[PDB]
RNA sequence: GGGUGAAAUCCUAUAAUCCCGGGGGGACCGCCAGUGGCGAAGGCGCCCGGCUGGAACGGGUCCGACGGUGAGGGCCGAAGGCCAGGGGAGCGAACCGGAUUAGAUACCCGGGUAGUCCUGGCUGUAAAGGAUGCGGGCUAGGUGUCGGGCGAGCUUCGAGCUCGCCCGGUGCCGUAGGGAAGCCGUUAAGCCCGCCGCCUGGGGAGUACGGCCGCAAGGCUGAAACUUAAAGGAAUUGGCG
Ligand SMILES: [Mg+2]
Ligand SMILES: [Mg+2]
Ligand SMILES: [Zn+2]
C-alpha cells in the first residue's frame, strides 16, 4: 500500500574489530524502530575464504547516525548440518559449557566440544573436560573481549585443546561451538 | 602333567635388590602392597601399582 | 485375589479382567445390603 | 551498492504450506502467501501444485518492491509434532528461482527438543 | 488458520496463523547409545563439588569352620487409588459438543475435572516373566564382547593401538546326555550330595461362612451340595485370511 511509500533504506555495518563493511540493507519508517534488530552473516562473507563458511556470526544494532546503522557483537554459532556429521557411532563426543568473564567486564558463556576417535571410558572423559576448563579460564584472564572473541571464531583456542588433550587419548576435531554474551561492563 | 589345579604355585618372587644412594643390600617382594623404602637412608625401592611393583634399584638375584 | 493363569486363555469364555470387575460388584452388594 | 537481499521463510506441514518473504533481518515483511489463498477447496491445499502457485505469486509481489535475491529457510512443525517437511517444500523452492529471483544459501531450521514435552494420542496412538 | 478418508464443531477483524525484539512459568534431559554397565528385585542416563553401600582383579597378609537352608516373625516393593498442605506447562479416566452409522453409550475431531510434579503418611498389588528357588562337586570344542592382571610387538611416547594367556561378568553355533516335542547343552532343562515352598481330572470357585489386618477401596486364609468325559500341551496334511 501507500504505507510502503513512507519507508527508507539503511546500511548496516559490521563491528569495528571485524572491519566496518556493509552487510545488507534494511527498510524502516523512522530510525527509532531499527534499533535492536539482529543480522546473521557467515565468516566466509567477511575476510572471505572458502573454508569457514559454517561459522555464523550475529550482530545487534545500537546506533543510527543518519542512514548508517552500526552494530555490536552478540554471539557465534556453528551450523547444524556441520556438527551433525561429526558425531558418528563409535566416537564418544565430549561436551563442556562454562561461564567466564574478561578484563573489561564482559561476562560470557562458551561451549567447547571434543570428539574422540574411538569409544573411551568415563574417567578418561571427564579428564578432558577438566583440561578444557583449565585452558579456557586461563585464556580468559590476560585477554580483553575484542581478542578472546577474535580467536574463538578463528580456531586458536581449539588448536590448543587439541594439543593438551591428546596426551590422554588421541582425538579428532576439537572446536568451540557457541558463544553468547550476557552483559557489558556496568561502567562506561 | 601335574595341572595347576592341583598343588597351586605362586607367580611372584623375592628379590635381592641393592640400593643406589646407600649401597645397602636387601630383600623385598615383587607385588608389594606398601611403599618399600630403604632400611637406613629412606629412599624408596619399590612402588605399589595394581599388579606388579615397578622397582627402582639394582637387582642381584631372583632367589 | 489368588487367581490362576489358566483363565486368561480366552478360548471358550469371556475376558477375566471383566469377570473380576463383576464379582467385585456382588461382593459389595452382599456387604452393604445387610451383610452384618 | 544497490544490492538488496532478503529471506524466504517456508513453512510446510501435512496440511498446508506458507511462503513468507521478509527483509534481511526479518523485521519488515514484504509478501506472505499460503496454500489456501490460491486453491479453492480444502483437499489439495498441501499439494505441490498449490505451493508452486503460492511461491510464484509471492515472488511476483516481492520482485517489484526491490528484492533481487533471497536466502532460504525451510521449516516443519517440529517441536512436539512431525520432524520431516511435507510434499510442497522442494516444489516451492524450485519454483522460486524460476520466477526471476536469485538464491543464496539453503538451510533447514526445524525445532528439535533435547527430550521435551509430551505428544498426543496416549500410550496406544491413533487406533484408526 | 486449524483438522480430516471427506467434513464439522473451534480460533480470527477487539487483527489470528507467520516473522522479529523482550518478560515470566512448570515438566523432561535427544543424538553419542552398544544381546553395553550398576543393583536383591521394583529400577537407575545433562555437568561440577561433598557424604555413603556392594562386587571383580593382584596378594608366601590376618582370623581359624566362624558354614548351607530356613516353618513362625521382620524390613524393601512400578503404575493406580486414599488423607492433609503446595503447585499446574504438556497430556488427559469422568464430563460437554462435531462427525461416521440400521443403533454408536465406541474407534476419528475440537475442548476439559481429578491425576501425573513437590513435603509428610497409609495401601502391599502386576504377563512383579528367564512363566526356570538357593549353596557345593564333576562331564568335548569354537567364536564375539565388558573389568583386572601378565607376556610380546609397534608407536604422531597418549590414561595410545594390535596379538597370546589366567580369573570374573554378558551373548551365539554346538558334542555326550536328557526331553512328548518345541528345544536345553560348564551362565543345563545333564550325573550327584542338601534344605525349604507348592501340585493331584474339568467346572462350582478364589465363591459362601468364620478370623486377622486397612480411614475406605481392598489384601491374606479358604470349603462343600451338585454337575460333567473330557478340559489341557508340543508338533503334522489341508482349507482359509
Ligand atoms: Mg514365611
Ligand atoms: Mg480426545
Ligand atoms: Zn638405601
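Given an 8 Å cut-off on Cα distances and at least 6 residues of separation, report the relative contact order of chain D as a percent. Mind dumping the intermediate values first?
On the way: 247 pairs, mean separation 34.3, N = 128.
Relative contact order of chain D: 27 percent.
Can you give the average number of partner chain beta-carbon atoms within 10 Å of each beta-carbon in peptide D:17-27, as a whole number?
Details: counts 0, 0, 0, 0, 0, 0, 7, 10, 11, 4, 8.
Taking the mean over all residues of the peptide, I get 4.
Given R₀ = 56 Å, FRET efficiency for residue A:22-residue D:126 by Cβ-Cβ distance, to 0.05?
Details: r = 53 Å, r/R0 = 0.94.
E between residue A:22 and residue D:126, to the nearest 0.05, is 0.60.
Would you mind ranking B:22, B:41 by Cβ crowding within 10 Å, fewest neighbours first? Present the calculation step by step, with values, prior to reporting the outcome.
Values: B:22 16, B:41 12.
Going from sparsest to densest Cβ surroundings: B:41, B:22.
To the nearest Å, what is the center-to-center distance of region A:71-95 and region D:82-105, using C-alpha atoms only?
Each part reduced to its Cα centre gives a spacing of 26 Å.
By count of other Cβ within 10 Å, fewest leading, how are C:18, D:33, A:9 ordered? Please list the in-between numbers first.
Numbers: C:18 8, D:33 23, A:9 15.
Ordered by Cβ neighbours within 10 Å, fewest first: C:18, A:9, D:33.
Rounded to the nearest 0.05, what FRET efficiency is calculated for residue B:5 and residue B:40 with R0 set to 41 Å and r the Cβ-Cβ distance?
Details: r = 44 Å, r/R0 = 1.08.
Using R0 = 41 Å, I get an efficiency of 0.40.
Averaged across A:36-47, how many Cβ atoms of other chains sit within 10 Å of each residue's Cβ atom? All intermediate terms of the calculation are to be shown ahead of the outcome.
Working: counts 1, 6, 3, 3, 5, 1, 1, 0, 1, 0, 0, 0.
That works out to 2 on average.
As an exercise, use a Förster radius of 30 Å and the Cβ-Cβ distance of residue D:27 and residue A:87 to find the FRET efficiency, rounded to the nearest 0.05. Please report the intermediate quantities before stating the final value.
On the way: r = 34 Å, r/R0 = 1.14.
Once rounded, the FRET efficiency stands at 0.30.
Could you tell me the relative contact order of chain A? Use alpha-carbon pairs under 8 Å, at least six residues apart, and round to a whole percent.
Working: 329 pairs, mean separation 34.9, N = 188.
Normalised by residue count, the contact order of chain A is 19 percent.
Which order results if A:2, D:44, D:108 are arranged by neighbouring Cβ count within 10 Å, fewest first? The partial results should precede the final answer.
Working: A:2 5, D:44 13, D:108 16.
Placing the least packed residue first, the sequence is A:2, D:44, D:108.
Give the shape of the protein assembly as shown as rounded, prolate or oblate, defined through the alpha-carbon gyration tensor: a ≥ b ≥ c are the square roots of its eigenvalues, a/c under 1.5 means rounded, and otherwise the shape is prolate if a/b is larger than b/c and oblate if not. Can you show the working numbers first?
Numbers: a/c = 2.90, a/b = 1.31, b/c = 2.21.
Verdict is oblate for the protein assembly as shown.
Name the shape class, rounded, prolate or oblate, that the alpha-carbon gyration tensor gives for region D:1-107, where a ≥ b ≥ c are the square roots of its eigenvalues, rounded holds for a/c under 1.5, and otherwise prolate holds if a/b is larger than b/c and oblate otherwise. Present the calculation step by step, with values, prior to reporting the outcome.
Working: a/c = 2.03, a/b = 1.48, b/c = 1.37.
Prolate, because a/c is 1.5 or more and a/b exceeds b/c.
Sort D:72-78, D:97-103 by the packing proxy (mean of other Cβ within 10 Å over each peptide's residues), most packed first. Could the numbers behind the result be given before it?
Details: D:72-78: 18.3, D:97-103: 13.9.
So the order, starting with the most tightly packed, is D:72-78, D:97-103.
Evaluate peptide D:90-96: per residue, the Cβ atoms of other protein chains within 10 Å of its Cβ; return the mean as an integer. Write out the running numbers ahead of the final one.
Numbers: counts 0, 0, 0, 0, 0, 0, 0.
Mean partner-chain Cβ count within 10 Å for D:90-96: 0.
If you average the sequence gap of Cα pairs under 8 Å that are 6 or more apart and divide by the length of chain B, what percent do you get for the contact order? Let's see the in-between values first.
Numbers: 101 pairs, mean separation 20.9, N = 63.
Relative contact order, chain B: 33 percent.
Roughly how many whole Å is it from the C-alpha centroid of region A:110-135 to that of region A:141-188?
15 Å
Determine the distance separating the Cα centre of chain B from the Cα centre of region A:1-52; give it in Å without decimals.
75 Å
For region D:52-122, what class follows from the C-alpha gyration tensor (a ≥ b ≥ c being the square roots of its eigenvalues): rounded when a/c is under 1.5, otherwise prolate if a/b is larger than b/c, else oblate?
In terms of gyration-tensor shape, prolate.
Output the peptides C:23-32, A:95-104 sorted from most to least packed, where packing is the average of other Cβ atoms within 10 Å over each peptide's residues. Walk me through the numbers on the way to the answer.
On the way: C:23-32: 9.4, A:95-104: 15.4.
Ranked by mean Cβ neighbours within 10 Å, highest first: A:95-104, C:23-32.
Within 10 Å, count the other beta carbons around each residue, average over each peptide in D:120-126, A:129-135, A:27-33, and list them highest first.
Highest to lowest by the protection proxy: A:129-135, A:27-33, D:120-126.
Only the coordinates and a few stated rules stand behind these numbers; no lab work does. Every residue, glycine among them, receives a Cβ derived from its backbone with ideal geometry; neighbour counts consider all protein chains shown.
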